[PDB]
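With the input below, show me the fold.
(4 chains, ligands or ions: 23)
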Amino acid sequence: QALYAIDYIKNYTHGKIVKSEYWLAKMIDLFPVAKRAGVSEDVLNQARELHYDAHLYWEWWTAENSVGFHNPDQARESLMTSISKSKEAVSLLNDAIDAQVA
Amino acid sequence: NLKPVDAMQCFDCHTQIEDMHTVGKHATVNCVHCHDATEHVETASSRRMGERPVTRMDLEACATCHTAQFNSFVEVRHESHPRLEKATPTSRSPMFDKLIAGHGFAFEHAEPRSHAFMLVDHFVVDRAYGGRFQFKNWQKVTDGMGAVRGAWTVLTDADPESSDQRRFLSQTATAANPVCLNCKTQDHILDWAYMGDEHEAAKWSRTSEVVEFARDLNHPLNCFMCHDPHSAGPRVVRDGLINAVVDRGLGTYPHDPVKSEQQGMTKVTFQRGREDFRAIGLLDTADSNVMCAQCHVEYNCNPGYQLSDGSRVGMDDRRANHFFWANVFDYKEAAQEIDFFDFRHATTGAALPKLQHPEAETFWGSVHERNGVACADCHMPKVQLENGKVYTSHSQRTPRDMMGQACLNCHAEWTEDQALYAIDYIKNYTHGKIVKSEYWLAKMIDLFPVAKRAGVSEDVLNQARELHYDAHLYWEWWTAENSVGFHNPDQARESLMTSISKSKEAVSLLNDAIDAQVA
Amino acid sequence: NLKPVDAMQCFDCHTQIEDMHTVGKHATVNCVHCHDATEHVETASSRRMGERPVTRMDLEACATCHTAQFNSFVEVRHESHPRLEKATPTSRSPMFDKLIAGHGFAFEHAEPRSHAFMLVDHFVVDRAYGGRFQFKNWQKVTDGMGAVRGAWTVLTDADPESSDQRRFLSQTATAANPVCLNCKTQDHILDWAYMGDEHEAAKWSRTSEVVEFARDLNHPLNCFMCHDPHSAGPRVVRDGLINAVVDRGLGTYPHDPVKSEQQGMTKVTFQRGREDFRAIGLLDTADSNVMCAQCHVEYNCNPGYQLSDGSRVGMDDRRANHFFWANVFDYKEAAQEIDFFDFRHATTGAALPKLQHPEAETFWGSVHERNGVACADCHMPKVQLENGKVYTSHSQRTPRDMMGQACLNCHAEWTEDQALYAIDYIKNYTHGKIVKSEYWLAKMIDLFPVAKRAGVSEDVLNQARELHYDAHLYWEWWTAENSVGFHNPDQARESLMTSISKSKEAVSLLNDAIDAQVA
Amino acid sequence: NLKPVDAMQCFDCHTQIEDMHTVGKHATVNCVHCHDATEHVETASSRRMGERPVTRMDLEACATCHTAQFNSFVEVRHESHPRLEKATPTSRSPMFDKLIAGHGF
Ligand code: HEC
Ligand code: HEC
Ligand code: HEC
Ligand code: HEC
Ligand code: HEC
Ligand code: HEC
Ligand code: HEC
Ligand code: HEC
Ligand code: HEC
Ligand code: HEC
Ligand code: HEC
Ligand code: HEC
Ligand code: HEC
Ligand code: HEC
Ligand SMILES: O=S([O-])[O-]
Ligand SMILES: O=S([O-])[O-]
Ligand SMILES: O=S([O-])[O-]
Ligand SMILES: O=S([O-])[O-]
Ligand SMILES: O=S([O-])[O-]
Ligand SMILES: O=S([O-])[O-]
Ligand SMILES: O=S([O-])[O-]
Ligand SMILES: [Ca+2]
Ligand SMILES: [Ca+2]
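Numbers count the residues shown, from 1 in each chain, chains lettered A, B, ... in the order given. Ligands and ions are numbered 1, 2, ... in the order given. And now the structure:
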C-alpha cells in the first residue's frame, strides 16, 4: 500500500512532466518557423520571456529526484504553470506566423 | 437488528416485484434488507407513492449474505499501476497529445485500475470537473474499501458553495456530464429516467448540473448492476445497452442471430404515475459478455457535432447517451447513421470521432467468442479449492493473476509461461502497429500547418481531413481498447494497417500539394 | 428454489423459538432454510407433534449465507500430518504402549488433524469399531469436503447386515459408544435426550447399539454447535458441559467467580410430551473458551470401575457421560467424588485414570487466560484484509500458520521468529519432562513383575499401585493435552515434576522390597 | 561525555600496563573508557591501592568503538532450538537417563 501511494504520485507527476515537455517542444519548434516567416523580434522576445517561465516550471521537476513525491501539490501546480506558459507562447507564435502568411 | 416486514402487503401494489421475488432465489430474502418502507406503506395508494421508501444501494446490503463475492470484488490490485498517464513513451499511446489535440482527453487519460475506484477516479481525473474534487489527501488513493463505502468519505470538494462546472486548476477540463455516471454507479437508478430523458419523476437527467448530481452519488459498480435484487437473476440495468439490444433490435450478438436468440435480453419497464419511467434487461443466461458490455463499450456520453452541418449536439439530445453497438469496421457507418462526431482536431481541423474502451464490440467474432468463451471466463473465473464451496471470483482483473483458472484449464497443452508468451506475442505485435500508426498520423498532422502556410487549397485540405477521420478511427480504437489486440488479434492487425494506409495516402496528398505550391 | 413459510403460524405453538428468532440477527431468516414442516403444520396441535418436520443438520444450510466462514472451516491443513501414531519415538509419547497397557488407546492413538475429519476419523481409528469402518479407498483420506458433505459418502462398512461391535481385524478394539459421538457431530441433537439418559422421545441414548447410531450420523462439527440457529447468538449444545457449568453449579470459570458471572451460561430446556428432553446453554458473550470446551476437555465417555469396590460402571450409568471440569491438581478429587476410574494397568494392576485433551481446564489460570485471551484469539483470529469486510477465520489450527493475527498484533515487541522461539522454548522444556516422566514410569512398571516374582507382599504392591495412580495422572495429562505445555507452562512443569517424584518414590519402595526378599 | 585522564601518571605505578598499553593497538585508547580511578589516584601509593578504582566489565565498553563485532556476537540464532533436552529420542542421547543415573545431569 505504501509503495502504491508513492507510485500514484510519481506516475501523476511524470505524466505532467511529459506533457510539459510536449508543449515546450511544440513552442520551441515554432521559433524557426516564426523566424523564417519574418515574425518580429518584438514577438520573438515576448515568446522568449515566456520560455524562461515554461522552462523553469518544467525543469525543476526533471532535476528534482523524487518525481514529485517530496511535494506533490507543488509539483502539480508548477507543471500546470509550465504547460500554461508554453500554450501562451504557442498561441502567440502561431498567430504571428499566420499574420505573416496572410 | 432487522425486523422482517410482511411482503404480502407490498405485493398488493407491486405485482412485477411479486412475480420476480416469489419465483427466484431471493424468495426468502425479506424486503427489510434493502428497503425502509414503513411510512410509505402508511401513505401509498395503488397509484400514488405517498412517502418515498428508502432503498439501500450500498454494496454492504449484499455483503451480509455474500461476503465472499463482496471481498473478492473490493480487493485492490496493487500491480495495476495507479494514475499512470497513457500519453507517455512507456504507456499505451506515446503520441496521444499530438493526435488527440482538441479533445478533453488531452488534459489527462490514465490507465484503468481496480473497479473499487471507478467513481472516485471519475471524480478526480483532471479532464472531468476542472479539479474541483480531490482525495482528502494523497494517502487516500490506496483506500478501496473506503471508496466502496462511499466516494464522499474519501474525497473533498474545493467549493461546496457553488455547483457550476469550472476550472480550479489551469490544466484541467470540465468534460463530466450526468451520462458518465451511469458507467460508474447506479445509486441513481430510481432517480433517472430511461436514457436520461426529461421526466416528471426524475430528479436527474442528461441536462442536470453534474456537480450537484455528483454530490448525490456514492458507490461504485453496485452489485445489482448484474444481478436483479428481487429475483437474484442475471440482468443489465444500463439504459444505453438496453436501447441498442432491444429498442433498436440489434440483439445481444449483432453478428449472430442464433446466439442472440439463445442468449437474449427481455426489457422490463417500471412506471411512475402510470407513465414509463425506468427499465432493466433480464438476461436469458448469466452472460458476462452482456453484463460487462454495460460499460466496456464505445459510446457517446457527451455533446458533439453533426457531420452534416457541423451544428452542436448538446446533452439535451438523445444522441448524447448512445451505444453504437458496432465493431471497428461498422463504426463509421454507425456514426453517420446518427449524424455525429466528437471534436475538431486542433491542428488539422478534421471532424473526428472519440473512441472509448470498445472491448465488447472487439470481442465479437473473435476465436474465443466464437467458441462460447465470455469475459468472466478469463477475468472473473470460478475459484479452485482443494476443499471448499466454489464461488465465482469477483475480482475483475487480468488473467495473469490466475492463469490456472483463466487459461490453463482449457489450454491443457500449455504451461503458464507458454500461455503468457502467447499473450505477449499478440500484445507486442499489436503495440508495434499502434506505434507505427501514431508515427504516420503524426507525420500527416505536422503537414497541415506546412500545407496551410504554403497556400494549399481548402479542397486538398478537406480531402486530407476526410482521410484523417479514417486514419484516426482505425488507430484510436486500439489505444482505447484495453487488450492491446488480445481480444481480436486479426481485427487489430487489419484495422491498424488500414490506419497506416490512410495516413500514408494523406501524407502523399499533402506533400504533393505543398511541392506544387513551391514550384 | 426455497419458498418462505408463515413463521407467525409456527409461533402460535413455538413460543421459545419466537422469543429467540424475533429478537436476534436471524429474525429475517425464514424457517424453510432449515425445516420442511408442511405436513407437520397440517397435523400438529400445541399438544401433539403430528407429522415430524424435517430439520436440516448439514453445514451447507449455513454456507448459503456464510460461505466465508464455511470455507475457512472446511480447509484441510495438509501440514497437520495424518494418521500419525503418538506411541512412536518421534511423536508425543514414545513409551505410551508400556504406560497405557490395559487400555483401548494401546490399539491406536493418532495426533489430531483438521476438524473436517473428526467424525470419519472417529469411525475409522483402530480402537473404535473393531475395524468395521474404512474409507472407501486410501485416496479418500484427503477429502475434507467429502467428509463434511457426509461420513457415509466417503466410508464403507465391512458388514452392513450386522449391528454388533466386534473385531474385523485382530489388532483393533471396540471402544466406541454413543457418548463419543457428542464430540464429533450434533446431527442427533433432536434424537438424544440430555446426558443420553433413557427417554421415550429419544431414538438414541447411552445404551444404544453404537454401530446403528453411527450409521445415522453424517456431519462433523455442525455450525450450530456454537451458534443458536434461531437467535444466531453464542451457545453451547454439549450436555456434559451444561451439566458441569449449570447443573453442578461449577460456573464457566470455576477458579474465577467474577468472570463466571460476567461470562456465564443460561440453560434453555426443550420438552417432548410436556417432559424435559434436551437443553442448550446460551452464553452471555461470544466466549470461545466455553465454545471449544464442548470437546477440548477431559471427560468420561466410556464405562469404567468404582474406586471404592472395583465394580463395573456401565454405559447405563450417568457417570459414563461426565465432564470433570477440574484442573490437573483437582482431578483426583473430582474422580473420587464420582467414585470412578478407567482401567487397570496390564502389568502393575493399578487402578488408573485415562486422560483426554484437557485444553480448557489447563488454560484456566494461565497468563493468557488471566489477561482475557481466549482460544479463538490464537486459533480462530479475525482475518486481516487490506480492503475487505472482516470476518472470523473458522480454520481452527495452530497459530504458526497466522502468526501476525494470532500473536504479533498483541506482541508488538516480537518478530515472527522470536514468537516461534518462545513457543518452542516451552514445548521443548515440557516435552523433555514428559520424556523423563515416561522413563521413570517405565522403570517403576518394569519393577512390578520383578517384585511379584521375588515374593514381595501384596501390601507393598498396593502402596506402589496407589503411587502409580498419581505418577500416571501427573504425566498423562500432558501427553493428552495438545499444547505440549504452551497453554500453561508452569502448571505442566509442576505436574510433570510431581509425576517423576511419585515414580521415584515407587521405584525406591519396590527396589527396597525386592532387595529384602533376596536377603 | 568521557573526559580523558593522564595515563602517564598511572604508569608511574603500573609498569606492566605501561608496557602493554603503549606498544599495542590500544595505545590511543584512554583509561577512562574502562576505569573510573579519580579517587584511586588521589589515595594510592606504589605500595597501597588506596580507594579501589572502578573497572567496567560490560561489553558496551568495547561496542562503542567495535559495534560490528559486538552486534555479530549478540545476534540470537533462532534456529538453535532452545531448552531442548538431550535425553530424548530425537536429540543427542536417547538413553542418557539410564546411562547417567546418579549424576546431576
Ligand atoms: C399500494 C398502496 C402500495 C403498497 C402497499 C406499497 N407500495 Fe411501494 N409504491 C407504490 C406506488 C404507487 C409507487 C410509485 C411507483 C409506482 O409503481 O407507481 C411505489 C414505489 C415504491 C418504490 C420505489 C421508490 C422510489 O424511490 O422510486 C419502492 C422501493 C417501493 N415502493 C417498495 C415497497 C415495499 C418494500 C412495500 C412493502 C413494505 C411497498 N412498497 C408497499 C404503491 C405501494
Ligand atoms: C441474505 C439475507 C441475503 C441477502 C441480503 C442477499 N442475498 Fe443473494 N442470495 C441469498 C440466498 C439464500 C441465495 C440462494 C443461494 C443458493 O444457491 O440457493 C441467494 C442467491 C443469489 C444469487 C444467485 C442467484 C442464482 O443463481 O439464480 C445472486 C447473483 C445473488 N444472490 C446476489 C445478491 C445481490 C446482488 C444482493 C444485494 C443486492 C444479494 N444477493 C442479497 C441470500 C441473500
Ligand atoms: C460506460 C459506457 C462509460 C461511460 C459513459 C463513461 N465511462 Fe469512464 N470508463 C469506462 C470503462 C469501461 C473504463 C475502464 C477502461 C478504460 O479504458 O479506462 C473507464 C475509465 C475511466 C477513467 C479511468 C481511466 C482514465 O481515463 O483516467 C476515468 C477518469 C473515467 N472513465 C472518466 C469518465 C468521464 C469523465 C466520463 C463522462 C465524460 C466517463 N468516464 C464516461 C466506462 C465509461
Ligand atoms: C513518521 C516519522 C513518518 C515517516 C517516516 C513517513 N511518513 Fe508519510 N506521513 C506522515 C504524517 C504525520 C503525514 C500527514 C498525515 C496526516 O493525515 O495529516 C504523512 C503523509 C503522507 C502522505 C500524504 C501526503 C500528502 O501530500 O497528502 C503519503 C502518500 C505518505 N505520507 C507516504 C509515506 C511513505 C511512502 C513513507 C516512506 C517513504 C512515509 N510516508 C514516511 C508520517 C510519516
Ligand atoms: C457484473 C459486472 C457483475 C457485478 C457488478 C456483480 N456480479 Fe456477482 N456474478 C457475476 C457473474 C458473471 C457471476 C457468475 C454467473 C455464472 O453462473 O457463471 C456472478 C455470480 C454471483 C453469485 C453466485 C454465486 C457465485 O457464483 O459466486 C453471487 C452470490 C453474486 N455474484 C454476488 C455478487 C455481489 C454480492 C456483488 C456485489 C459485490 C456482485 N455479485 C457483483 C457478475 C457480477
Ligand atoms: C480470455 C480468452 C479472455 C476473454 C474471454 C476476455 N478477455 Fe479481456 N483480456 C484478456 C487478456 C489475455 C488481456 C491482457 C491481459 C494482460 O495482462 O496482458 C485482457 C485485457 C483486458 C483488459 C485490460 C486489463 C488490464 O490491462 O489490466 C480489460 C478491461 C478487459 N480485458 C476486458 C474484457 C471484457 C469486458 C471482456 C468480455 C467482452 C473480455 N475482456 C474478454 C483475456 C480475455
Ligand atoms: C401448533 C399447532 C404447532 C404449529 C403451528 C407448529 N408446530 Fe412445530 N411442533 C409442535 C409440537 C406440539 C411439537 C412437539 C414438540 C413439543 O414442543 O412438544 C413440535 C415439534 C417441532 C420440531 C421438532 C421436531 C423434532 O424432530 O423433534 C420442529 C423443528 C418444529 N416443530 C418446527 C415447526 C415449524 C418450522 C413450524 C411452522 C412452519 C411449526 N413447527 C408449526 C406444535 C406446532
Ligand atoms: C441467509 C438466508 C442466512 C442463513 C441460511 C443463515 N444465516 Fe446467519 N446470518 C444472516 C444474516 C443476514 C445475519 C446478520 C448479519 C449482520 O451482521 O447483520 C446473520 C448472522 C449470523 C451470526 C452473527 C450473529 C451475531 O453476531 O449476533 C452467526 C453466528 C450466524 N449468522 C450463524 C449462522 C449459522 C450457524 C447458520 C446455519 C445454521 C446460519 N447463520 C444461517 C443470514 C443467514
Ligand atoms: C469430547 C469431550 C470428546 C469425546 C466424548 C470423545 N472425543 Fe475423540 N476427540 C476429541 C478432541 C477434542 C480430539 C482432538 C484432540 C486430540 O487430543 O486428539 C479428539 C480426537 C479423536 C481422534 C483423533 C486422534 C486419535 O486419537 O486418533 C479419534 C480417532 C477420536 N477422538 C475417537 C474417539 C472415540 C472412539 C471416542 C469415544 C470412545 C471419543 N473420541 C470421544 C473430543 C472427544
Ligand atoms: C497412472 C498410471 C497412475 C500413477 C502414475 C499413479 N497412480 Fe495412484 N492410482 C491409480 C489408479 C488407476 C488407482 C486405483 C483407482 C481406483 O479408484 O480404483 C490408484 C490408486 C491410488 C491410491 C489408493 C490406493 C488404495 O490402496 O486404495 C493412492 C493413495 C494413490 N493412488 C496415490 C498415488 C501417488 C502418491 C502416486 C505417485 C507416487 C500415484 N498414485 C501414481 C493411477 C495411478
Ligand atoms: C465453535 C467451535 C464454533 C463453530 C462450530 C462455528 N463457529 Fe462461527 N464463530 C465462532 C466464534 C468464536 C466467532 C466469533 C465470535 C466473536 O464475535 O468473536 C464466530 C463467528 C461467526 C460469524 C459472525 C461473523 C464473523 O465474525 O465471521 C458467522 C456468520 C459464523 N461464525 C458462522 C459459522 C458457520 C457458517 C459455521 C459452520 C461452518 C460456524 N460458524 C461454526 C465459533 C464457532
Ligand atoms: C494463544 C495465547 C493461545 C490460546 C489463547 C490458546 N492456545 Fe491452543 N495453542 C497455542 C500454541 C502456541 C500451540 C502450539 C502450536 C504449535 O504449532 O506448536 C497451541 C496448541 C493447541 C492444540 C494442538 C494444535 C496442533 O498441534 O496442531 C489444540 C487442540 C489447542 N491449542 C486448543 C486450544 C483450545 C481449545 C484453547 C482454548 C481453551 C486454546 N488452545 C487456547 C496457543 C493458544
Ligand atoms: C601509584 C601512586 C599508583 C597510581 C598513580 C595509580 N595506581 Fe592503580 N593501583 C595501585 C596499586 C598499589 C594497586 C593495587 C594493586 C597492585 O598493583 O598492588 C592499584 C590497583 C589498580 C587497579 C586494580 C583494582 C582492582 O580492582 O584490583 C586498576 C584498574 C588501577 N589500579 C588503575 C589505575 C589507573 C587507570 C590509574 C591512572 C588514572 C592508576 N591506577 C594510578 C597504584 C597506583
Ligand atoms: C575506541 C575509543 C576503542 C575502545 C573503547 C576499544 N577499542 Fe579496540 N581498537 C581501537 C582502535 C582504534 C584499534 C586499532 C584499529 C586498527 O586496525 O588500527 C583497536 C583494535 C582492537 C583489536 C585489534 C588488535 C590487533 O589486531 O592487534 C581488538 C581485538 C580490539 N580492539 C578489541 C577491543 C576490546 C575487546 C575492547 C573492549 C575491552 C576494545 N577493543 C575497546 C579502538 C577502541
Ligand atoms: O411491481 S412494480 O412494477 O411496482
Ligand atoms: O471516459 S471513460 O469512457 O474512459
Ligand atoms: O418454542 S419451543 O420451545 O417450542
Ligand atoms: O397452550 S397449550 O396448552 O395449548
Ligand atoms: O478419544 S478422544 O477423546 O480423543
Ligand atoms: O602494571 S601492573 O602490573 O600494575
Ligand atoms: O617501586 S615501589 O617499591 O615504590
Ligand atoms: Ca465515443
Ligand atoms: Ca477421561
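
so where's the longest helix in chain A?
Taking DSSP state H as the assignment, the helix of chain A that covers the most residues is helix A:2-36.

Which strands and helices lie in contact with that helix?
Judged by 3 or more Cβ pairs under 8 Å, 6 or more residues apart in numbering or on different chains; DSSP states H and E, helix A:2-36 is in contact with helix A:41-63, helix A:72-101, helix B:96-100. Using the backbone N, CA and C atoms, a C-beta is placed for each residue, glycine as well.

can you dump the C-alpha coordinates of the shortest one into PDB?
Once non-C-alpha atoms are left out, helix B:96-100 reads as follows in PDB (Å, rounded to 0.1, in the frame of the first residue of the first chain):
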ATOM      1  CA  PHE B  96      -1.500  10.800 -27.800                       C
ATOM      2  CA  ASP B  97      -1.200  14.500 -27.200                       C
ATOM      3  CA  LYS B  98      -0.500  15.400 -30.800                       C
ATOM      4  CA  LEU B  99      -3.100  13.000 -32.100                       C
ATOM      5  CA  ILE B 100      -6.000  13.900 -29.700                       C
END
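
now the helices and strands packed on helix A:2-36 in a markdown table, with mean neighbour count and distance to ligand 22?
Compiled in a markdown table, the helices and strands packed on helix A:2-36 are given as follows (neighbours: other Cβ atoms under 10 Å in any protein chain shown; distance: least, Cβ to the ion, whole Å):
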| stretch | mean neighbour count | distance to ligand 22 |
| --- | --- | --- |
| helix A:41-63 | 16 | 32 |
| helix A:72-101 | 19 | 25 |
| helix B:96-100 | 23 | 12 |
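
For residue D:24, which of these is the nearest?
Nearest to residue D:24 among these is helix A:41-63; the distance by Cβ to Cβ comes to 52.0 Å.

Spit out the contact partners of the closest residue to residue A:16 other than its chain neighbours.
Once flanking residues are discounted, residue A:16 sits nearest to residue A:79: 3.8 Å by Cβ to Cβ, 6 or more residues apart in numbering or on different chains. Counting by Cβ atoms under 8 Å, 6 or more residues apart in numbering or on different chains, residue A:79 touches A:13, A:16-17, A:19-20, A:57-58, A:61, B:171.

ok, now with 7 Å
Applying Cβ atoms under 7 Å, 6 or more residues apart in numbering or on different chains, we find residue A:79 in contact with A:16-17, A:20, A:57-58, A:61.

cool, and residue A:85?
Here residue A:85 is in contact with A:50, A:53-54, A:57 (criterion: Cβ under 7 Å, 6+ apart).

what's the distance between it and ligand 1?
51 Å (Cβ to the nearest ligand atom, to the nearest Å).

How about residue A:34?
Distance of residue A:34 to ligand 1, given as Cβ to the nearest ligand atom: 61 Å.

which residues does the closest residue to that residue other than its chain neighbours contact?
Among residues not flanking residue A:34 along the chain, residue A:93 sits closest, at 5.0 Å (Cβ to Cβ, 6+ apart). With contacts defined as Cβ under 7 Å, 6+ apart, the neighbours of residue A:93 are A:27, A:30, A:34, A:47.

Next, give me the two most distant ones among those.
Distances among the contacts of residue A:93 were taken as Cβ to Cβ; the most separated pair is A:27 and A:34, at 10.2 Å.

hang on, the earlier thing: next, the angle helix B:416-453 makes with the longest helix of chain A.
20 degrees (axes from the mean of the first three to the mean of the last three Cα atoms, to 10 degrees).

hmm, helix A:2-36 in reach of ligand 3?
No. Shown here: helix A:2-36 not in contact with ligand 3 (Cβ under 6 Å from any ligand atom), separated by at least 10.1 Å.

Spell out which parts of chain A neighbour ligand 4.
Neighbours of ligand 4 within chain A, by Cβ under 6 Å from any ligand atom: A:2, A:5-6, A:72.

Ligand 7: which of the contacts of residue A:79 is nearest?
Checking those against ligand 7 by Cβ to the nearest ligand atom gives residue A:16 as the nearest, at 65.4 Å.

Please tell me how far that closest one sits from ligand 13.
66 Å.

give me every residue that touches residue A:52.
Contacts of residue A:52 (Cβ under 7 Å, 6+ apart): none.

got it, and residue A:100?
Contacts of residue A:100 (Cβ under 7 Å, 6+ apart): A:37-39.

Swap in 10 Å and give it another go.
Shown in contact with residue A:100 (Cβ atoms under 10 Å, 6 or more residues apart in numbering or on different chains): A:33-34, A:36-40, A:43, B:453.

Check residue A:64 too.
Residues in contact with residue A:64, defined by Cβ under 10 Å, 6+ apart, are A:13, A:70-71, A:74-75, A:78.

filter these by proximity to ligand 5?
Near ligand 5, judged by Cβ under 6 Å from any ligand atom, there are no entries from the contacts of residue A:64.

got those residues as a markdown table, with distance to ligand 6 columns?
Shown next, in a markdown table, are those (distance: Cβ to the nearest ligand atom, whole Å):
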| residue | distance to ligand 6 |
| --- | --- |
| A:13 | 22 |
| A:70 | 30 |
| A:71 | 30 |
| A:74 | 31 |
| A:75 | 27 |
| A:78 | 31 |
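
of all of chain A, which residue lies closest to ligand 17?
residue A:1 (49.9 Å).

Skipping adjacent residues, who's closest to that residue in space?
Sequence neighbours aside, residue B:142 is the residue nearest to residue A:1 in space, at 4.6 Å (criterion: Cβ to Cβ, 6+ apart).
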